[PDB]
Structures are given as C-alpha cells and as structure tokens.
C-alpha cells in the first residue's frame, strides 16, 4: 500500500470529473463571448469552416501536416458522391525536422518546409504544376479568414523565433517564393481537429466534433453562429477550435495538479501554459511516468532505491513505453525489455509497480479527457431539441488509437458524463491531409 497510496493521488471521483466538465463548459462560454475572449484560456478560435458549404472543386490537392514531430506532405484526390464529396490520399512523404531548424527562426523553419515540398514534387512528376494547397497546422491560430490567421504561440515544444504574431499562410508563401523552384495556390489553412472532423463528414453527416489525443490534445466542434461572437452573422454553423489544451492556465485545475505535473510544467518549453494538455498529451505522458518512477526510488520502494542514469534524464521514458507496458500480457517480458533498455534490472514486483504507475497516469489522462469532451458534447446538447442527441466525434492521435485501454476507459467515462446523448466514435483515415483537401475543395469555388 506504500506504493498504492502514492498512486492513489492520481484517482478522480465522479464528482471530480463533473467539476472539470462544468468548469470546461464555463471557460468555453467565456472564450466565445467578446468581453471575455481576450483573457479566456479556452480561446474558442473560429475556423471559418462553415455549415452551409456552397461550392467544391473536384480534382487534385496538395496537403501539408505540420504539428506532428514529423512534417508530412501529400497529394489527395477529391471527387463527388451521393450527398457529399469523397477524397483519397494518393502520394505521401514524411520528413524529419532537425534540431537546428526548430531552434533558429520562422524563416529558417519555413525554408526547410519549402525544400521538403520540392523534394516531394520532383519524386512524383509533379514539379511543373501548381496545385491547390491545403495546410493542416496543429497550433493555435487567430484566423481572419479560411486562408489567413496569425500563430498565437507555439505549443508541444516547437520553438522557432519570430513566428508568434505572424500570418502563417504568409510565412509559407514568403519561403515558397524565396525559393522560385516551384509555386502553389495556398487555398486553406486548418487545425488537425478540424481536418479530422471534415474527413469524417462524408460517411457521417452527424460528425460535428473533432478530437486529437496524440502528442497534444485538443478538440473542435460545430457552434451556432449566434454564439460565435467574433464572427458577424447568425446563419447556420461554424467549426470552432477550442484549444482546450490551455484549460487550467488561469488556475482552473489548481486543486488537481500533482507534484509531478508542477515538475513537468516548470521543465517544459512553455511553463504555466497548456496545463490540461500536459495531463493527457503524448509529449507529456511518459515524462509523468518517469517522474512518478523517480519519486518511488527516492522513497526507496522501487528498483531497491537505485535509479539508472538514463532514468534520471528528461524525456528518456517515452510515451510509447507507457503503451507497451500496459500491453504486457502478464509475463513481464515487455516491461523487462523496456526497463533493461533503460539501463535497469527490475524484479517481479518492480515491473508490477511500473505497470501500476503507467495505469495511474494513463487512466487519469482518459478521465480528464472524458470531462472535456463531455463539456463539449453537453454544451451542444443545451442548443438541441430532440429527446436524445445523436452525435459523431471524429478522433485521431497515437494515445487514443494505440494505447491499450485509453479508448475503452475514455468512452465509458464520457458516456457516464453525457446522459441523453448517443455518441458515435469514428477514427479518421488520413484525417489531416484528406481534411485539409476537402476544405480546400470548397474555398476553391469560393476563389478561382
């Protein structure tokens, strides 16, 4: 119990979750209203993606995804089906981003991006054409229109100076044409949440929410235009990007923050910011474990009081170790391998303890996350008239998809928390690229 009592600090009651849900619903109302929008943690950024799409160009589109720790570039082909537009990834390429590129300047980083695009273009007998380019850009953006918005501030560790306060679709073109190797028509910029949602629209008109549970964690949803106070109009809906990742940054979660959270945050690339994300997201989850583990050595309850050099260094306990540890079949083989690579030699009980530390961190993530989505889904309930509200949530990200129990725990919790709602959970296929394309298809009949 000497361990079980340390890990009991991760627990959250039905009442604790409801509190978080209600507080999230409140920060969400605060971000939509003009008086409160500027100081609101939950930014509630309008995305210009609308309920009443007029046009839509059939054909081929380039899509980018910056916001993973990778940077991806792909070609997708939009056509035309019953009730909606189909899409499909046809060519794809991933590129890493070197430490010195994300350390320097925005133009140093966006220059690198331009080089990656060209490399793609050569490879595929493309370089001669200019196509409509959709850009999935997984950070907070204050949009002026579907193709203009300023990056508010980097999240998830991204660092490149001189981008905070600048038109992103700007800095993209500025580097494309700083390299007259090629040209592209930058038609749309979207969030990953939004793209994931849009990508699901085809096979489910009910899909009115998008959720990412990956490196970071965030959600978007379809708001009534009369509630979106920062866009003029009351006609139909517009997708809103909550940036629920920064929930708690005004102390909303203070009572819930554990020592390990306060330590993760201080050491992070963005202290005092993204606190709700830091309880859930992948960039953070493994580090939460690392810290829980370190305290268990200090208290002399784990690894006979002796921690490895590797275990003592920041970010050595990867998030995927949490997933693998929770996937262990009982035989401890996987937990051993992970810890052996981490320069440790763990006992039977050491491995069992590590498992319990992982389960405690990952169960908390799932529950916090459930409170958020319950917030979002219940706000939409308060604006809907059927007996039972039927809603589909489009979801992507490695934590949600790949972690063994996250999704089952998440689902059940969100369900407890959302009476008179029927929620359907759809996982997006190439959501980020196909989403950005499908959006770009529409803003093309709105332009050229």
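Numbering follows the first chain given and starts at 1.
- Comparing 176 to 184 with 336 to 344, the stretch with the higher mean C-alpha B-factor in the PDB entry is 176 to 184.
- 406 to 414 and 34 to 42 differ in mean CA B-factor, and the higher of the two is recorded for 34 to 42.
- In the deposited coordinates, the residue among 113, 365, 198, 146 with the greatest CA B-factor is 113.
- Sorting 378, 218, 85, 323 by the CA temperature factor given in the entry leaves 85 at the top.
- When the modelled residues of the chain are ordered by C-alpha B-factor, residue 392 sits in the lowest third.
- Residue-level temperature factors show residue 138 in the lowest third of its chain, judged at the C-alpha atom.
- Per-chain ranking of the deposited C-alpha B factor places residue 372 in the lowest third.
- In the PDB entry, residue 384 places in the highest third of its chain by CA B-factor.
- Looking at the C-alpha B-factors along this chain, the one for residue 189 belongs to the middle third.
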